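Colleague: sequence, then structure. It's an experimental one.
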Amino acid sequence: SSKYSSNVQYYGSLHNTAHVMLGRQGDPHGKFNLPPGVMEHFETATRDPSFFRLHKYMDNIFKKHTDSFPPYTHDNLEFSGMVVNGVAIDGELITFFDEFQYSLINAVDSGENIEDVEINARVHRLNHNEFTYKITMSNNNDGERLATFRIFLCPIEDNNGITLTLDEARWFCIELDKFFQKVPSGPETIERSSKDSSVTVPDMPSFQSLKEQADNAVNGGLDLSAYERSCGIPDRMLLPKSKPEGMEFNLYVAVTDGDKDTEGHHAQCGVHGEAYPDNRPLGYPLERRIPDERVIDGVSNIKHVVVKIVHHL
Amino acid sequence: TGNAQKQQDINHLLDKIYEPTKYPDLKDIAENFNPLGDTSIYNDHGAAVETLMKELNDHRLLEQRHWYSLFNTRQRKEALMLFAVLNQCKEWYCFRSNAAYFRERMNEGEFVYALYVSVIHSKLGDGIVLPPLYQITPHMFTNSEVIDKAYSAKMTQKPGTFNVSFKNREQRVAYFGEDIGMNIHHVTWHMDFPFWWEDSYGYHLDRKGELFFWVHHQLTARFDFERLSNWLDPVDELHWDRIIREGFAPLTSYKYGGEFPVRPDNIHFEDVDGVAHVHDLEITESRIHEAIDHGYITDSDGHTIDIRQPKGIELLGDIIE
Ligand SMILES: [Cu+2]
Ligand SMILES: [Cu+2]
């Protein structure tokens, strides 16, 4: 229920209200005058478990609609010349637990002529290791064509170990990268780094660091143009945590037709009115019922290869 | 005697149990014998025999080709009378005879049960090794599928072995409970030391009490272990005031009887007519839990028998089971 709402007086605001609604569960009539709760704030909701319980619900509200569309045909997905030949990781894909430090100073009150003591907080966050993509594929077209490199990382077995079906698992897939590259007319091997991913953002510069820099520029003459929008998730979060034993995920490389995608136009963080560049709906082409896998499987420009992730303890 | 004799006889007795015997000797015996005409073979001057007969006569004994549970207070009594004959035989001539004579007009369950317990406890059954229940009466140890696959084999007279079956449950720790070896032991353990033993039968099973305490503590432990190995959590303790969380479908069938009733999950314990009230347990449990807590068990006279000693846990197992 943003203001783009057609009939806000009727459809109200499920999601928002659901936030506040779940928050006072500690004090509804407010006899205690407890403050708002973890869920009644963005920098703190991911905290509380019902957070994900509440969005699974919202999630399948959308899924009901997302799923009403007729599955996709063959003539539908195909990029006529362009066929991926192979998908390989010149990698590892290994995840561990790094250590980070942010500063607790704005937290403690320091009046005056009492001086600053540098206090710090050290946290334990997840991390992985750089690994590159190696997409091998031919342009059996006459010239050069623009292409969208779409890469999802879907699950394989059930945690019962049932091994679901790219119907059961299509919706479960997390986007790992999306980029537009020009393909040359024949055999080519394109590469792509953990680090070039479009759904990722690096940890940010420290406050002090940004001070030192704002200052160091004003005492004798600032380019952090890297960080002026940043919509993404932490690079450390790219891949999932996994098992120490390791597990096999299913890597989906689907290469659609750049010219019809970007058939019109940062553009990742459209923070200022900037028209989202891709035109395909979102989660393409795994956003639709996939009744017989028989199909995904016979379009040249879609290819799936199993990867394996290991967790260093 | 011998054994390769006693033994032979046994094997014959328990052969194709669900149908009148095909071993000619067993049948002229089955016909011509009279358990009441030489009250001398019997160490009771055949009071046992004369009591079965009386029932067999008023024909008030459970029918053949019918089910049987050892939990049925009558079915048990009947089963247990056969035990009592077979039991006071001075020699093989009297056992064979009876477990032939009866074999042919007593129900199979009572019969199978009777013969085993009898062989196990009676003075006269030393040499013998009993065939594995699982092959004697396979409906109690085999799946319902394999069972039907076997009935088909037979209909068509075409032989062969079928593979039995067992991601959605905790029928992941199934390999443990459904094993034909454990199932054997579990029954044998309680054949060895039956809940119904009266020391009149001849001797005294020593510490059946602690034995009882312990045997289950180990199934219970052994079981807890397997669930460990399966990312499963130690087992919930059952309460009479709560729901039966984890129900199952056995997909098992009786030979004569039908298919084992299934239980849905999240059910409420119902007062079952004929056995006892739900509450009837609750109180029992209390009476039990008060002996433990007092230090003493109180008998029928209001005599407090102390259990804060070594004999303790068995006296407790005597009242608990
Ligand atoms: Cu939300
Ligand atoms: Cu038992």
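Modeller: Great, that's in hand. Numbers count the residues shown, from 1 in each chain, chains lettered A, B, ... in the order given. Ligands and ions are numbered 1, 2, ... in the order given.
Colleague: what does stretch A:51-66 contact?
Modeller: With contact meaning Cβ atoms under 8 Å, 6 or more residues apart in numbering or on different chains, stretch A:51-66 is reached by A:14-15, A:18-19, A:22, A:39, A:45, A:171, A:287-288. Every residue, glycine included, has its C-beta placed from N, CA and C.
Colleague: residue A:226: neighbour count?
Modeller: 10 (other Cβ atoms under 10 Å in any protein chain shown).
Colleague: that older thread, now, among the contacts of stretch A:51-66, which is nearest to chain B?
Modeller: Taking Cβ to the nearest Cβ as the measure, chain B lies nearest residue A:171 of the contacts of stretch A:51-66, at 19.6 Å.
Colleague: part of a helix, is the closest one?
Modeller: No. Membership of residue A:171 in a helix is not supported by DSSP: H, G, I helix; E, B strand; the rest coil, which gives coil.
Colleague: show me the contacts for it.
Modeller: A:63, A:286.
Colleague: list only buried entries from the contacts of stretch A:51-66.
Modeller: Using 16 or more other Cβ atoms under 10 Å in any protein chain shown as the burial test, the contacts of stretch A:51-66 include A:18-19, A:22, A:39, A:45, A:171, A:287-288 as buried.
Colleague: any idea how far residue A:162 is from residue B:236?
Modeller: 25 Å (Cβ to Cβ, to the nearest Å).
Colleague: ditto for residue A:182
Modeller: Distance from residue A:182 to residue B:236, by Cβ to Cβ: 62 Å.
Colleague: first to last residue in stretch B:114-130, what's the distance?
Modeller: 13 Å (Cα to Cα, to the nearest Å).
Colleague: buried ones in that stretch?
Modeller: Buried residues in stretch B:114-130 (16+ other Cβ under 10 Å): B:114-119, B:121-122, B:124-125, B:130.
Colleague: swap in stretch A:86-95?
Modeller: A:87-88, A:91, A:93-95.
Colleague: among these, name the ones in helices.
Modeller: Among the buried residues of stretch A:86-95, no member falls in helices (DSSP state H).
Colleague: mind listing the helices in chain B by residue range?
Modeller: Under DSSP H, chain B gives helices at B:6-13, B:24-32, B:49-57, B:73-87, B:92-101, B:108-121, B:133-136, B:144-156, B:174-177, B:180-192, B:210-228, B:278-294, B:312-320.
Colleague: can I get those helices in CSV with distance to residue B:43?
Modeller: Shown next, in CSV, are the helices of chain B (distance: least, Cβ to Cβ, whole Å):
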stretch, distance to residue B:43
helix B:6-13, 18
helix B:24-32, 21
helix B:49-57, 11
helix B:73-87, 9
helix B:92-101, 10
helix B:108-121, 14
helix B:133-136, 29
helix B:144-156, 42
helix B:174-177, 41
helix B:180-192, 22
helix B:210-228, 28
helix B:278-294, 38
helix B:312-320, 28
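Colleague: quick one, which of these gets closest to residue B:259.
Modeller: helix B:144-156 (6.5 Å; Cβ to Cβ).
Colleague: using CSV, write out the CA atom coordinates for that closest one.
Modeller: This file holds the C-alpha atoms of helix B:144-156, laid out as CSV (Å, rounded to 0.1, in the frame of the first residue of the first chain):
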residue,chain,number,x,y,z
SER,B,144,0.9,-56.0,3.4
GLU,B,145,2.2,-55.6,-0.1
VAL,B,146,4.7,-58.4,-0.1
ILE,B,147,1.8,-60.5,1.5
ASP,B,148,-0.5,-59.8,-1.5
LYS,B,149,2.4,-60.4,-3.9
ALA,B,150,2.8,-63.7,-2.3
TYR,B,151,-0.9,-64.6,-2.6
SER,B,152,-0.6,-63.8,-6.3
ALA,B,153,2.5,-66.0,-6.7
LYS,B,154,0.4,-68.8,-5.2
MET,B,155,-2.7,-68.1,-7.3
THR,B,156,-0.5,-68.5,-10.4
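Colleague: who are the contact partners of the residue of the stretch 151-300 of chain A at minimum distance from chain B?
Modeller: When distances are taken as Cβ to the nearest Cβ, the stretch 151-300 of chain A reaches nearest to chain B at residue A:160, 3.7 Å away. Counting by Cβ under 8 Å, 6+ apart, residue A:160 touches B:167-168.
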